[PDB]
Amino acid sequence: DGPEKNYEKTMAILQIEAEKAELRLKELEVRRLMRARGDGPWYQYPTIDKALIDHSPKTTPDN
Amino acid sequence: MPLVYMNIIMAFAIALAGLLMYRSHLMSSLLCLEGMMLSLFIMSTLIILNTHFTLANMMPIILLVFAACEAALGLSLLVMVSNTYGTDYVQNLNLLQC
Amino acid sequence: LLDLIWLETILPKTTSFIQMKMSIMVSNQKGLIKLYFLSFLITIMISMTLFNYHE
Amino acid sequence: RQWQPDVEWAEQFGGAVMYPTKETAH
Amino acid sequence: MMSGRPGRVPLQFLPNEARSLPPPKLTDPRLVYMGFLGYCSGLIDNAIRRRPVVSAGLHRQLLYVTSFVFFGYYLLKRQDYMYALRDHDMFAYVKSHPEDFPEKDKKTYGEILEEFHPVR
Amino acid sequence: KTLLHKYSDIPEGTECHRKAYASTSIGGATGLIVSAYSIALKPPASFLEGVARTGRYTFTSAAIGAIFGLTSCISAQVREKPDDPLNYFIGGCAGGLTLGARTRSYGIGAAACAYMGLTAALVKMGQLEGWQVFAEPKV
Amino acid sequence: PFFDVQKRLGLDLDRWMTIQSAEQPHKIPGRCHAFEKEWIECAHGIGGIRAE
Amino acid sequence: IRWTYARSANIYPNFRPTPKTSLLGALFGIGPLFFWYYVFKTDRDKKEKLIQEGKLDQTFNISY
Amino acid sequence: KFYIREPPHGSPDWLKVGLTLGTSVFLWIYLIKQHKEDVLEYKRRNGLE
Amino acid sequence: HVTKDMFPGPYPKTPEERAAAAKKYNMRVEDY
Amino acid sequence: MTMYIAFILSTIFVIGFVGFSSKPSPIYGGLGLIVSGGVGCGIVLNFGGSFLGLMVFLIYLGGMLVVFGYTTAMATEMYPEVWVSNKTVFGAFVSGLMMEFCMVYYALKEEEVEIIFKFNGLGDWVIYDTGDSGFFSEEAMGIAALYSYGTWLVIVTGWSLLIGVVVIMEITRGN
Amino acid sequence: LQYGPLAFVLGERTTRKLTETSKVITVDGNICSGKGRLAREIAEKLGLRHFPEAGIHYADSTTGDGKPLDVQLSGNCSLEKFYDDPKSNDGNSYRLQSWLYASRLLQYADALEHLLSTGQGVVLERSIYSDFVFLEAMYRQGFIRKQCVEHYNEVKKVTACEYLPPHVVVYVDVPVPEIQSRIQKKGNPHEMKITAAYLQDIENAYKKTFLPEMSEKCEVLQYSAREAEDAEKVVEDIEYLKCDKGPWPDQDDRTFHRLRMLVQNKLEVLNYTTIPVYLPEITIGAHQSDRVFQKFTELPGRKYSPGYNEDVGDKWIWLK
Amino acid sequence: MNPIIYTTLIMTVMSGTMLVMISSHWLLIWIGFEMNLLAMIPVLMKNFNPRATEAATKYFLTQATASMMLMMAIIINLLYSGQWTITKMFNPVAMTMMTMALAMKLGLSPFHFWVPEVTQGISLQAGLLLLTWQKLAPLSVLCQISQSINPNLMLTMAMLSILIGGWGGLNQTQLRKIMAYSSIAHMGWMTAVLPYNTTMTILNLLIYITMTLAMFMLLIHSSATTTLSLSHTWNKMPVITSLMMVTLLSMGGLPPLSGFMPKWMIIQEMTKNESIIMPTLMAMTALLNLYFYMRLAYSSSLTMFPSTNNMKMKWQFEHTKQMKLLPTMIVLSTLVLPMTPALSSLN
Ligand SMILES: CCCCCCCCCCCCCCCCCC(=O)OC[C@H](COP(=O)(O)OCCN)OC(=O)CCCCCCCCCCCCCCCCC
Ligand SMILES: CCCCCCCCCCCCCCCCCC(=O)OC[C@H](COP(=O)(O)OCCN)OC(=O)CCCCCCCCCCCCCCCCC
Ligand SMILES: Nc1nc2c(ncn2[C@@H]2O[C@H](COP(=O)(O)OP(=O)(O)OP(=O)(O)O)[C@@H](O)[C@H]2O)c(=O)[nH]1
């Protein structure tokens, strides 16, 4: 076929690879960033739910 | 942390050493094993009683009834060893080797 | 001198000898728990304190 | 025909350990 | 790591909101390879039992392809879910953190001083 | 790692006696650990030869530790090049040669010369560049 | 847990006893009910890293 | 077949590291390699020196 | 014929095999409809149709 | 065919295997 | 004295543990262990754990260790290995009487004992909490919750015990 | 179905079927002593399953049509050949004995399998526990090299330990001059040349070894030729024991379920027979073994699993 | 042992491991470990040989000690925090305490000394259960508490696991001891990545599960326990030896076989975590496993070892086993590398 096919097709190949390349570099940075700060959706290590708290009055006022 | 807690913790550690530092009677080894849990049973009671973790008064029995279960296994293996070999020695309990 | 003696001894045979020399002594165990549990006691003792793993 | 293992090769792989010694001799 | 994200209901193989993604097309190349695995099990299945491999128990290996394809298909949707999920909250984060992602300056190669090493 | 910290605190090619003392302490402790293991897994039938076994192992490991202590430090002192990895390489080979002397075999000494000297260079390579073996969880 | 079946089907198996400020028999308190209740509600919906 | 065996396989099993074997191996080994390294290094250390200060001529040298 | 006894798989286990076709056609007809229902629901959810 | 022991071996130190090695090269010991 | 009474009970607990941990005769090791078993109950009793303290007497002193005596009566190595029989056991027993004597003195002088953990050598009585328990014994109400909230533990503990009896006869059946 | 674990769970036991006609009686004796004749009479008069003496092709009898396969394809040994040159360099002697031991060991399993699955007693000639009398005999004159004993024993403990001993053993006591009497009337030229020493050396090993050490775990009744022909006398003697010694009057359904597991798996029962200890008589090199295996494989029926060979007429291969 | 009794014993062992993975309370975690232990011994006792009794005794002593030592880690964490929830614990000594307590159950460090010997004594089927299913429970705790681990302490334990586990493997004749040494080596690979990212710690688990099911049930089908005994299997069933060499190569990690997928991803992760010396050394020691892997492959099918005339009976008969799930096991254990990006499903 014409060289136009290979030229345009390879341009798409470069476009796809570039976006993939920069995303991985972003992914390693974000993964490092949100692991440390922790204010992110994932890496949210488990805690204890506040629902399991007995708010009923106890037998001792000092509670 | 209160001085007594050392006494149980050190009791476990020296009980732990006796369990690992062997001799010639794995019967004696089992004694260190059940003594090992006795300190665990004893110490667990102190924190739970001290901190008034009322529902946690559970586990001293739960830990007991399961540590006691290992005695059933361990002592049963004792007589099994003391039947194919007759005795409870540990140096002779090396038939595996290779 | 080189192809059949030295070049086969420096890289290949030396590594093969070292692996075999230290494959035997790892596998040469006694089968007696007294020594194995003694090794564990060392491992617990050194790991807890000596290499500052706790702190 | 191509060489095939014989009792020499087999006994090389037979025993307690293919890398033996005096300690493992018995 | 998505181990504790907000909303993850446990023991949910395919969460409902994953349905908002393009489902894997029925002849997805990944899927047919999953079907390959089912077939490849079938040929050897007659081999261990010493049967006429290819022409031996057409029912047996036919089920293998069916089972592997479906278990593959649901796996692919779940696999596509996390990658979509991993990219989704990714993007939501960077807009929420502009200061940690500066826009690097736009300089053409003309002004960039890249030293040159001859090969001699 | 305070005992290991002693070696790092002393600047390279400076206060050679301190570096030798720090280095031989590392070797002595390392020899003690392996000797205690060898006593454990391999029974020292009689107690006295048990102290002989751990004596040999500690004496060796101290010798490699000590000899590497001087040769590394004095070479940096003599050549006024602390950053040079070769400083450890000669010391590494020097330590390996001492192992051959303790085992009385040129072949083992030659083998220890190459391997330990190469590793001695590599650890210095890491210290200069910043290589971390037990890296903390980063991502 | 590794597989939080308890959360999925909502049957309480052990978490009734995992902390001391939960429901207790005869509604009698632990030694540090006031403090751990404060810490628990401080560290809810926050994450282990941030709550540290 | 004895000759082929003695010249192909029966060398290393009969080999023993000795100063004669060791020195000859080193002499015929690293020796020539480092010797050529020094020769090529100094030659290249003179070549780039000449062109760097413009003391060499490659007016018609293009297809390098 | 050759083996003097009827070997266990020497006869077609009709109940078992007929099951195998039964599940596989179930396994398939579930898949196509599952693929179908996933498609337009995704289209409807994401706008489209 | 040559099975194993006509294949060459290690140096013959003492004259016993020197004689065996000489026979291995089908020659006498005075010239081996 | 009664100032540091729980200091005492903890001390015999340690020396009782050093007893059997020194690997003496299994009956003698049992004797040393039950001595620790006896004294340990007093430690729990001093904290109000009467029900827990009485149990170890029941199922650990009169429980496990009784059937231990059977295996000792079954083992019966050809000679008693009582403390005088061996010299390492004396060394083990003698040693185990030193460091705990060392650190109590270490803890009694400046109280800043930092073995593994930081530890205070202050009087045992301090860490007690002040407050009435009304009419409900806190220990009793805690254990009685076995059948109120400890439903899940009851099933698993029971099921394992049932599996406990199936294994024991199966291993001991000797095929 | 078989005795698979589902069967035992659903209720398939073993003690229900077996009755007083459940014994592992073995009729045995010296060469050509008419033991096989007496074994048949016991079988007929007791309604008790008979097993003829396991030959080289007994395994061939079990598999396929039962037609004896080629000696090259099954046995690599001939008893007639062993008669011609007992000390042949090819190892025909030990190869004969070891294959014979495997054949009777398979026969022992077939007897137990039928007995446990039917409750009917089994009578067989020369049980595997008595097989040593030949190897002992073949060792006394050097028909086999000394090392053959240890290998034959090594197989024996790793196999015969699990197979428990019979109930009552019938012995046809026959003296050597009598053995030297009939074998002329047999006529086959290979068995004329049997040495009187061999007939002697089986006899004492039979007498001083086989009968006494094995007697403590089953009843032993000795019959000479006259009490061998008296089928009426021997059969009521067999019925007139309590059969107390031996493991058989002690086990329960648990062991029998496990016992029928091992015996039903025809690969397992002789799995330890192919022991990897190498000796010249029994070891076959790779080239010879491979070529024979191809020759075995290209045979009809054996190309695939049973019920899976289209050549013999296995229809519906695509559906089985 | 009665099949109904055997089924129940396995049922509790599975549930005990299941109990560990589903408990948010530290006490229940211990309950699962002990009752799994409580039913593991009788399975090893099914054969009831003196070697098995030695094996079972060894297994119980180390596992009971590790489990009992595990209690203090819970108690000490309780003492300093008053939290029974299985989360990031709050004491370096307690964190250190349990790490070797769980490691002994897995057998990575010198703790690993029980792993080979117990496998040697007990039957092939029991070894399959011990080396595959009994490794999920200790791993489950480590995955949950991975955020609290000291990186130096765990990486070391992983290192000696692959280091010693691979090194001694060169000197094993019995296939059972070879498998255990392989298991210890594979133990290090998952444990090394454990502090960094737990996702491919699991990925290594199911994959490592696949070969060990594949290898052991192949070995059971072969009914062989020694290298020489395995060698003779070429004559009986040459095809099985062919698949085993595929798995042997795959378990060694040569691409594009499945066993390369874990190691490749493991190297990728710690490389992202700036740890680049650590992955390199494990890869170098990976060839150590490959050596005796090749030696078995050389003895099994690549060459053709001598057979015995008594093998001729085996030709006539056939196998009665059903080797359930064997067909799909090896296929899933040898060619799944193209389906690698499916690991995000684990996440
Ligand atoms: C920059 C700071 C540091 C500066 C100082 C330099 C480092 C410290 C000193 C050198 C340490 C490494 C050299 C080896 C020391 C141990 C030697 C030893 O154990 O020798 C005894 C023995 C060898 O002899 P053997 O095979 O037993 O034969 C005789 C048998 N009768 O041993 C054996 O048999 C077992 C095999 C050897 C022991 C195992 C390996 C030990 C070394 C591991 C690495 C240590 C690294 C230390 C430094 C970094 C960490 C602090
Ligand atoms: C990644 C790299 C490669 C990794 C794997 C490598 C594996 C082999 C490596 C070497 C192994 C050791 C040396 C060789 C061992 C041979 C083992 C063996 O048993 O060989 C003999 C045996 C005899 O064959 P037999 O079992 O009788 O079966 C014949 C077919 N019925 O032979 C056999 O049992 C083999 C039977 C093979 C049957 C093949 C059937 C193919 C069917 C193809 C169907 C194609 C359909 C295409 C459809 C297109 C349209 C969609
Ligand atoms: N090595 C060996 N040879 C056997 C065995 N059983 C039979 N033979 C041989 O088989 C040949 C003939 O079988 P015998 O049973 O001795 O004699 P027979 O003429 O068949 O008559 P019966 O003794 O009544 O069966 C003799 O050469 C025996 O030595 C056996 O278990 N091992």
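Note that we place each Cβ from the backbone using ideal geometry, even for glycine, and neighbour counts take in every protein chain shown. Quick note: the coordinates plus some simple rules give every number you see, no bench work behind them.
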Using 7 Å Cα-to-Cβ label points, what is the H:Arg16/K:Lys109 separation (nm, one decimal)? 6.5 nm
Report the residue, chosen from M:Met237, M:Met270, M:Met190, that carries the largest GNM mean-square fluctuation when chain M is represented by alpha-carbon nodes joined by springs under 10 Å. M:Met237
Order by protection proxy (mean Cβ within 10 Å, highest first), peptides K:16-27, K:129-140: K:16-27, K:129-140
Taking every residue of A:21-31, the Cβ atoms of other protein chains inside 10 Å of its Cβ average out to 3
Treat each spin label as a single point 7 Å out from the Cα along the C-beta direction, and report the F:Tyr21 to L:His114 distance in nm. 9.2 nm
Which pairs, out of L:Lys157/M:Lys46; E:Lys77/I:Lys33; L:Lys17/M:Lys321; A:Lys50/G:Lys27; F:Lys138/M:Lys88; F:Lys19/F:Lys138, put more than 22 Å between their alpha-carbon atoms? L:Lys17/M:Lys321; F:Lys19/F:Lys138
Treating cross-link reach as a plain straight distance, find the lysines whose alpha-carbon is under 20 Å from the alpha-carbon of K:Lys87, omitting any fewer than eight places away in the same chain. C:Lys34, K:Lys23
Return the FRET efficiency for the residue pair L:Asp253, B:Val79: r is the Cβ-Cβ distance, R0 is 35 Å, and the value is rounded to the nearest 0.05. 0.85
Test of the criteria: in region F:43-135, which GluC sites (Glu not before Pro) are in a DSSP loop and have at most 11 other Cβ atoms within 10 angstrom of their Cβ? F:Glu80
May I ask for the angle, rounded to the nearest 10°, between helix H:30-52 and the longest principal axis of chain H, with both axes built from Cα atoms and the value confined to 0 to 90°? 10 degrees
Centroid-to-centroid separation of region M:245-279 and region F:1-26 [C-alpha atoms, Å]: 38 Å
For L:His50, enumerate residues with amide H under 5 Å from its amide H, sequence gap 5+ or separate chain, H modeled in the peptide plane. L:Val123
Once the Cβ-Cβ distance between K:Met98 and C:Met45 is put in as r, and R0 is 30 Å, what FRET efficiency do you end up with, to the nearest 0.05? 0.95
So for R0 = 41 Å, FRET eff. of L:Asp90-F:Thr119 from the Cβ-Cβ r, to 0.05, ends up at 0.10
Proximal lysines relative to J:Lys23, as straight alpha-carbon distance under 27 Å, when same-chain residues fewer than 8 apart are discounted: J:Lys4, J:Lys13
Region L:1-89: relative contact order from alpha carbon pairs under 8 Å, six or more residues apart, as a whole percent, is 13 percent
Could you tell me which helices of chain F pass both thresholds, a Cα extent of 30 Å or more along their own axis and a mean Kyte-Doolittle hydropathy of at least 0.5, with helices taken as whole DSSP H runs? F:16-41, F:47-79, F:106-129
Which whole-number percentage describes the relative contact order of region B:3-92, with Cα contacts under 8 Å and a sequence gap of 6 or more? 33 percent
What order do you get for I:14-21, E:41-48 when each peptide is scored by the mean count of other beta carbon atoms within 10 Å, highest first? E:41-48, I:14-21
Per residue of M:44-55, count partner chain C-beta atoms within 10 Å of its C-beta, then hand back the mean as an integer. 5
For L:240-251, what's the mean count of beta carbons from other chains sitting within 10 Å of each residue's beta carbon? 0
Total charge dipole magnitude, the protein assembly as shown, about the Cα centre, Cβ charges on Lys, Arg, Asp, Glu only, Debye to nearest 20: 3060 debye
Calculate for chain B the 222 nm mean residue ellipticity that helices alone would give, adding -39,500 (n - 2.57) per DSSP H run of length 4 or more and normalising by residue count, nearest 500 deg cm²/dmol. -25500 deg cm²/dmol
Can you sort M:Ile74, G:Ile28, K:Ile127, L:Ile25 by how many other beta carbons sit within 10 Å, fewest first? K:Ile127, G:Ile28, L:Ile25, M:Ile74
Only Cα pairs under 8 Å and at least 6 apart count here; give the relative contact order of region K:5-173 as a rounded whole percent. 20 percent
Sort M:241-250, F:97-106 by packing, meaning the average of other beta carbons within 10 Å per residue, with the highest value first. M:241-250, F:97-106
Residues in region M:145-164, backbone N under 15 Å from the label point at C:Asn52 (7 Å along the Cα-to-beta-carbon vector): list them, ranges by number please. M:151-153
Can you sort M:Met18, M:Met68, C:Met25 by how many other beta carbons sit within 10 Å, fewest first? C:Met25, M:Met18, M:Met68
Under a cut-off of 17 Å between alpha-carbon atoms, report the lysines in cross-link reach of C:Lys30, not counting same-chain residues fewer than 8 places apart. D:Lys22, F:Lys42, M:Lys58, M:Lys177
Using 30 Å as the Cα-Cα cut-off, could you pick out the over-long pairs in A:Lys26/E:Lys106; A:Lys20/E:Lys95; L:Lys303/M:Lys135? L:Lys303/M:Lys135
Between K:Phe117 and K:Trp159, what is 0.36 nm times their sequence separation minus the Cα-Cα distance? Round to one decimal in nm. 11.3 nm
For region M:34-47, Karplus couplings with θ = phi - 60° (6.51, -1.76, 1.60), whole Hz, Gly/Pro x: 6, 6, 5, 4, 4, 10, 6, 4, x, 5, 5, 8, 4, 5
Under the 7 Å Cα-to-Cβ spin-label approximation, G:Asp4 and G:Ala34 lie apart by a distance in nanometres of 3.2 nm
Could you run the Karplus curve 6.51 cos²θ - 1.76 cosθ + 1.60 with θ = phi - 60° over region I:38-49 and give me ³J(HN,Hα) per residue in whole Hz, x for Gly and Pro? 5, 5, 5, 4, 4, 4, 5, 5, 8, x, 5, 10
Residue-by-residue Karplus 3J(HN,Hα) for region M:3-14, coefficients 6.51, -1.76, 1.60, Hz, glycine and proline x: x, 5, 5, 4, 4, 5, 4, 5, 4, 5, 4, 5
Based only on other Cβ atoms within 10 Å, what is the fewest-to-most ordering of M:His232, L:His257, E:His97? E:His97, L:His257, M:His232
Please give the net charge around B:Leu63, taking every other residue with its beta carbon less than 13 angstrom from that of B:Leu63, where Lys and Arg add +1 and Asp and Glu add -1. -3
Ignoring everything except DSSP H segments at least 4 long, calculate the 222 nm mean residue ellipticity for chain F; use -39,500 (n - 2.57) per segment, divide by total residues, nearest 500. -27500 deg cm²/dmol
So which GluC sites (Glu not before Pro) in region L:200-258 are both in a DSSP loop and have at most 10 other Cβ atoms within 10 Å of their Cβ? L:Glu216
